[PDB]
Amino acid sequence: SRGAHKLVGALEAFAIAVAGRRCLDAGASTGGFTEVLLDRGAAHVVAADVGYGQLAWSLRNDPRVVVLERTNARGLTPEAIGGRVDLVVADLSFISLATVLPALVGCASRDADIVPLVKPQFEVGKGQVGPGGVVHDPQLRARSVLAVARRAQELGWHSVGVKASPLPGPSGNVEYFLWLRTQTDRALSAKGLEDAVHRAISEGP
């Protein structure tokens, strides 16, 4: 799975433990993220079906998996998902993370990890997506990640790390995982985050 390969890259870069935790996959487009979380020992995964596409029946039938049928990731609540979770992962298309972060933060326990996949092609403004539907300007990709991190900090969630996804989008966009925590000993300073973003952008996938 391509979705599988990318999340493993994030999990290993950030050293986030999955075993025995309750998880939310906020845009379960593929079975990819859910499968990875189950393989790495998650106690429970809530897979939010937030659009077109149907999760495989082998997955929903799994005793560790619950599928939610929902309009919008924006509509997720801890009540709807059965309580706050320890790990939130989010691979969402055609929406800016700014608009959905409050919902994701609302579903997270205060010692949770929230790890969105920042997709510059849905964070930049009109005229800033280049030929082929790709953000070619590395400065704009960097500014996209920083803007999401700024919005997260406004909600009280600090940035702990940044990692380029190991696989570009199908049109070639490079995308970046952002590791967020509200309870942490290791929150990045502004300079720490700028350094992390510059390295991620320069390293690429």
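For every residue, the number given is its place in the sequence shown, counted from 1.
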For this session: Return whichever of 22-30 and 164-172 has the greater mean Cα B factor according to the PDB record.
Result: 22-30
Exercise. Got a sec? Mean C-alpha B-factor, which is higher, 72-80 or 116-124?
Worked result: 72-80
Exercise. Can you tell me which of 146, 67, 140, 37 has the highest Cα temperature factor in the record?
Worked result: 67
Seminar exercise, completed: For residue 187, the third of its chain by CA B-factor is the highest
For this session: Could you say whether, by C-alpha temperature factor, residue 152 belongs to the lowest, middle or highest third of its chain?
Result: lowest
Exercise. Ranked by Cα temperature factor within the chain, is residue 60 in the lowest third, the middle third or the highest third?
Worked result: highest
Exercise. Where does residue 180 sit by CA temperature factor within its chain: lowest, middle or highest third?
Worked result: lowest
Problem set entry | Among modelled residues of the same chain, the CA temperature factor third for residue 48 | highest
